[PDB]
Structures are given as structure tokens and as C-alpha cells.
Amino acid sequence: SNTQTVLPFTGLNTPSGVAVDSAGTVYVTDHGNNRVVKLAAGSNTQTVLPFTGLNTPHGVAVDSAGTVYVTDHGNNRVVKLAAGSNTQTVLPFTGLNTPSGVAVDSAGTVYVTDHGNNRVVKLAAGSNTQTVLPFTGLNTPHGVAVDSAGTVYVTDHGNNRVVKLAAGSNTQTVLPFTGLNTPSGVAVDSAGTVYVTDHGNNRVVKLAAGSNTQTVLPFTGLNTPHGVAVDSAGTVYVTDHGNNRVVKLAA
């Protein structure tokens, strides 16, 4: 698990968000090219998802049914496409400003870092009443992940930290990472290990739940890791923004 592979995407331009579904399909926001692409496990040829009207897709998430959710940064909205659909829908968030990260929990609740408005919002599936999560002291939430229990993890880009808030709680905590610099992407695996792209320091780090010892993942040749996803096998996928590529490391 010290051997990185470059995924056989083509034509990427500063990729930003990455997500992986239960079948191992990898989804990437091709942020410089105004499109979202996917690659099935074992395929060497990507496909372009049929989103339309985008103005810079920035983050991506996928739920257990294969529905794909994308932050449309320049349109202040989150769009979704069901598996097998050519008809996108717009989630009824309101008042967003350059949304960046998106996550979806097992109940279908969608969480977005409303990055221009210094807040994190969520919308239960079928709701049109969003809730602002009670994080405090943020300086630009950038990425978001949510674990199996509904605990929410956010990269606080301007405070060089990752904050955590359990469902129902009003009291966040700060995870004991060391020496982060403008962290961007965050992911959490089924063991509760938290993975962060330390975007200002050219590295990807992880922290097991309850640990104070972070480990630096053995990626090589990075030029700004920007987003991170982790599959059910513990394989880690990272957008290497300055190399126009997506790399992965098996557990």
C-alpha cells in the first residue's frame, strides 16, 4: 500500500472534488473544464456526466443509490443527477455563495460548505428548509464529510484545522492534526479515520479516531492535493490539482 496509481482519466484541468461509490466508480469535478467525469472500476475510459448549465463544478458526492451531487460554484447552487438520468435537478438550498464541498449521509441529508458565506448548511432529503449547522469561529469552511453516525467534519481553511460536530450537538471539537496549512478536502472512512488534503503543504494526512498521531500518506509527486475520497476497501483517491490528475493508494 506504498504504491500509488494514476487513474486513466484524460483531459482533466485542475481537478478539485472526488467521490467514489459502493461499486468503486470514481467521480471527479474537472474544475478548470466546467464538467464532471466518472470512471468505472477497471475501466480505462471515462464518461462525462450529463450536467448542463454549470459554472465551475467544485465538489462532488455520491449516495448509496448512485445519485451524484455537485456544487456549482459560480451558480450558487447544488445540482444532482440520479443514476441513469439525463435530467438534473437543483436542490432547494437558498442564499448560497460559492458553495465548495458537499457530502451526503446514509439518510440522504446533504451538507454543503457555503464557502463565501462562512457557514455550513444541511438539507434533509425532501426538505426545502435548510439548517445552518452550529459551528463557531470558522474562517472559510472549504470541505465537508459525514460519518455513519451523522457526525460532520469540516476543513476550516483559514484556521488551518478540522472541526467536528456530532448530530444534535451544539459544541464542536477540533481534531488533533499537526501543522496543517489551508486544508481543503476531508473524507472519513468506515473505521472513522479522517483524511485531509493539507493543500498548503503539498501532502495528504490521516488521523485514526481518538488518536493524536497523524500519518502522512505515501503519495508521490504531488502538486497541490485538493480533494480526497475513501472507498469501502480503504483505497484513498486524491485530486492532484497542479498535475491535472487523480491518484490512488490501496489500503
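For every residue, the number given is its place in the sequence shown, counted from 1.
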Checklist entry - Mean C-alpha B factor from the entry: is it higher for 152-160 or for 121-129? => result 121-129
Checklist entry - Which has the higher mean CA temperature factor in the PDB entry, 53-61 or 207-215? => result 207-215
Checklist entry - With respect to the C-alpha temperature factors reported in the PDB entry, which of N34, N44, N201, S184 ranks highest? => result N44
Checklist entry - Say you rank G74, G101, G116, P176 by Cα B-factor from the PDB entry; which sits at the top? => result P176
Checklist entry - Mind checking which third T224 falls in for C-alpha B-factor across the chain? => result lowest
Next on the checklist: Lowest, middle or highest third: which one holds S16 when the chain's residues are ordered by CA B-factor from the entry?
Outcome noted: lowest
Checklist entry - Should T10 be placed in the lowest, middle or highest third of its chain by the C-alpha B factor in the entry? => result highest
Next on the checklist: By the recorded C-alpha temperature factor, relative to the other modelled residues in its chain, which third is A23 in?
Outcome noted: highest
Next on the checklist: Looking at the temperature factor on the CA atom of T239, which third of the chain's modelled residues does it land in?
Outcome noted: lowest
